[PDB]
Amino acid sequence: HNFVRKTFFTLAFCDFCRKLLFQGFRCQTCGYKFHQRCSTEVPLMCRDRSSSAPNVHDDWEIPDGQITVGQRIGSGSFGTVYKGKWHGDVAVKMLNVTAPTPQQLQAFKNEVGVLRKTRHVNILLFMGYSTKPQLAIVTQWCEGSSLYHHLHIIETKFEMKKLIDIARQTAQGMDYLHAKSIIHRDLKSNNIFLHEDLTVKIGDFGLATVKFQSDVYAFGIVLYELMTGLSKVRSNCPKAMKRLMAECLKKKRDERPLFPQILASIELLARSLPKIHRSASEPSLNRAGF
Amino acid sequence: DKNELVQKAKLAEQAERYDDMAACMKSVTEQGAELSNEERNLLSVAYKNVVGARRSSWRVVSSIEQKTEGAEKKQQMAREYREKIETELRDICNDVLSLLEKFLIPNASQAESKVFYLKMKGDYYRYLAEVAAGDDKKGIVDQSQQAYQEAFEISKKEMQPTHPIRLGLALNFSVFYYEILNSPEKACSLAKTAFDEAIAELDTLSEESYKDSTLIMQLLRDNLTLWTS
Amino acid sequence: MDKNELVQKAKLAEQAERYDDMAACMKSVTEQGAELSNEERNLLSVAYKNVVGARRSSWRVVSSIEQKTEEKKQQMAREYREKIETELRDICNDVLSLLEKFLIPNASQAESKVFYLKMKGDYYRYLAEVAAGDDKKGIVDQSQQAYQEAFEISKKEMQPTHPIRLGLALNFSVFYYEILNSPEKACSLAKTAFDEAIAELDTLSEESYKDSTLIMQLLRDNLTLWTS
Ligand SMILES: O=C(c1c(F)ccc(NS(=O)(=O)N2CC[C@H](F)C2)c1F)c1c[nH]c2ncc(-c3cnc(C4CC4)nc3)cc12
């Protein structure tokens, strides 16, 4: 391994201390980076000073029956999947429990009070709910086909730039949800769908009362399906793609990098491939050591 | 709102040529009219990056001095090269502060611009402090102390502990006394007080708010860990 | 000025970046006709590589946007791209003229003779991408003449495993492939260089054992990428 001096802008973090990295070292091999202060613990394997400010760049309830319901689309863990239409294009989930319990009845009021504010771009926007005959949830219908269908039924392989950008936009979704102190259990492509322009939409985040590292672990398997449709990934793609997957699938929790770091890292992985897309030149002599 | 130049600043940032970005974005201020948040937001990005190189460059060079003892001709050039940076660095600080105090603040209307512009003026005075020593350092730091005061004056009355601009002030203003007045406990209580308010404003979470909120608070919490250790 | 004086200054500008002054330091070494040792030679090559390293990265991204703008914007972005390449042409004109007029005429030693010519080919290859038409052909041709001439001395006086000789092996091979679109013609050429190094691996020494393999992995990674 050979290392050269470098100053990082925007957002960058250490790889050993796993904290903010402004000015440090970078490795031409496997893109390894580390602080000088944290260099004392860095192996050959692939007076601290403070920092500062970084630059940055009940009417919902609806009656029953009026909706022109469609065909069953799937089967969830705690409900039935359907699509309807009522003054607009929506879809409704037919939940399980016929007679709501008193515990979830009032929790139904607060669960609506919580889900009414989560308005992320890469999540399927909440549209409504109902409990008049039985518990039910209304979720926006995707004006197209889901993620799982595209990559497994009527195969339409996407652009690698599109493929990673899908992961990039997917990264934007789960990261914000964790900022709401929300830990997810059923994060998988079976619950991921593609909207207009095949934009990523993530659902199955409801039932805050009736029902992060594990979420990244689940997110790790999701990104595996993208580049596979570990070593099976394309060699022509930036090698830092393999590194990102490797850290996200660690068995230990805190060893797995958290979502906030990955958003900046994914941006880096989407820059090396276009900036350097050709046969490699020659690297110069190393000028550092420990 | 002459987008002809606005897109040019965007290109340079994409092209990483931050020297080009500053010159064009400077001409944006020459219009005199009030600037939107996006139009104003870029100006903080550009001049920050240019100063970012110098503070990286100056500290390493000064580290070689007060090091490698037992040499005359080695350190003679090193002193010249170190003080060669200062004249370059003083140009930016003289130029930028000559622009804030003339155009932006005197024409700023809302609390959004008034708090943001005063905070920026305070931050750049901080970087000028590391260079001078003693009275020369005193002649500058005593100017910045009033800046972080008046900036902290309007922000208390107008905008919430969740507002993006105010929260950033809670970070650097704490460091100001910590690294230029050397009062840990004094800085310890000041920033930690504003930290609790940010936790209290969790209900005010927005898609714009959540990114900055956690980002600074995480780093705000980190300072307590290392300082009091 | 003094040679020992400027060597120290370069070893400082090698830190804290500011490569513009670092290149200006090594240039003053040349004008007095003083030869460069093995270490004194590295700084000149290291410094000038990074200065043109920035512009190429800046140009490649800017070109991508211009070919993705479909319309006054397309007019403006195209104007900006043509501005960057003008800066590049100045640097290449300076660097090779410095070799041709001062450094190359005084070159005596065998190893240094290879190094001067290898730099001539590389700092002409970058000028090709801007050029089109007969301008591209001439730049491709002229760089090939220096590249070909450099390869002559490689076989006469240098071992099959020499870091500088292997350095010319990688770049000259790339020149035919990347620019002149002669993949197998270049692939056959590059394939020869790889076997020379592995033929006499015993001849290596700990000073350059891994140093030679630095290129060898790149050649292997080039070979694997090109083979498919
Ligand atoms: O399956 C659901 C669903 C569900 F049944 C129950 C719950 C949730 N989530 S939630 O309600 O818990 N959650 C919290 C608030 C917000 F409501 C989200 C769901 F997302 C869908 C919702 N909308 C959809 N649009 C399109 C598709 C679809 C289209 N095409 C295909 C293949 C042919 C290509 N397959 C599937 C599926 C759904």
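Residues numbered from 1 in each chain as written, not as in the entry; some residues may be left out. Chains lettered and ligands numbered in written order. Heavy atoms only, no water.

- What the deposited record gives as its method is cryo-EM, and the resolution it gives is 4.07 Å.

## Digging into the packing of helix 7 (residues 164-180) of chain B against helix 8 (residues 184-200) of chain B
Residue and element names in this part refer to chain B.
No. 1: Packing of helix 7 against helix 8 leaves a shortest axis separation of 8 Å and a crossing angle of 170°. Between helix 7 and helix 8, the crossing angle belongs to the class labelled roughly antiparallel. Facing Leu 167, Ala 170, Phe 173, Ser 174, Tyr 177 and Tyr 178 of helix 7, the residues of helix 8 in contact are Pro 184, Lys 186, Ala 187, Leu 190, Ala 191, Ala 194 and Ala 198.
No. 2: Residue composition of the contact of helix 7 with helix 8, grouped by class: 11 nonpolar, 1 polar and 1 charged. (Axes fitted to C-alpha atoms, helices over the stretch in contact; angles between N-to-C directions. Helix = DSSP H or I, 4+ residues; strand = E, 2+ residues; numbered from the N terminus. Parallel < 35°, antiparallel > 145°, perpendicular 65-115°, else oblique. Contact = heavy atoms within 4.5 Å. Nonpolar A, V, L, I, M, F, W, Y, C, P; charged D, E, K, R; others polar.)

## Quick look at the pairing of strand 5 (residues 89-95) of chain A
Residues and elements named next belong to chain A.
No. 1: Where burial is concerned, most of strand 5 is hidden: 5 out of the 7 residues are buried.
No. 2: Bridge count for strand 4 (residues 79-85) against strand 5 is 7 bridges, and the pairing is antiparallel. In the strand pairing of strand 5, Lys 83 is matched with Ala 91.
No. 3: Of the pairings in the sheet, the one linking strand 5 to strand 7 (residues 136-139) comprises 4 bridges and is antiparallel in character. When the sheet's bridge partners are listed, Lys 93 is paired in strand 7 with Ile 137. (Buried < 20%, exposed > 50% of the residue type's maximum accessible area, 1.4 Å probe, protein only. Pairing = 2+ DSSP bridges.)

## Concerning the sheet that holds strand 5 of chain A
Whether parallel or antiparallel, the strands of a sheet pair through hydrogen bonds between backbone atoms.
Residues and elements named next belong to chain A.
No. 1: Sheet architecture is open: 4 strands sit in the order 4-5-7-6, paired in antiparallel fashion. The open sheet has two edge strands with one neighbour each: strand 4 and strand 6 (126-130). Adjacent strand axes in the sheet meet at a mean angle of 25°, parallel and antiparallel pairs treated alike.

## Side note on the sheet that holds strand 3 (residues 33-34) of chain A
Residues and elements named next belong to chain A.
No. 1: The 3 strands are arranged 1-2-3 in an open sheet whose pairing can be described as antiparallel. Only two strands of the sheet have a single partner each, and these edge strands are strand 1 (3-7) and strand 3.
No. 2: As paired elements, strand 2 (residues 23-27) and strand 3 share 2 bridges and run antiparallel to each other. Within the sheet, the bridge partner assigned to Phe 25 lies in strand 3 and is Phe 34.

## Structural notes on the environment of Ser 212 of chain C
Residues and elements named next belong to chain C.
No. 1: Along the polypeptide, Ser 212 turns up in helix 9 (residues 209-227).
No. 2: Residue classification places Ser 212 among the buried positions, given a relative accessible area of 2%.
No. 3: Sequence-wise, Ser 212 and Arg 165 are 47 residues apart; in three dimensions their C-alpha atoms are separated by 9.9 Å.
No. 4: Ignoring anything within four residues of it in the chain, the contact list for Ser 212 reads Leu 166 and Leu 204.

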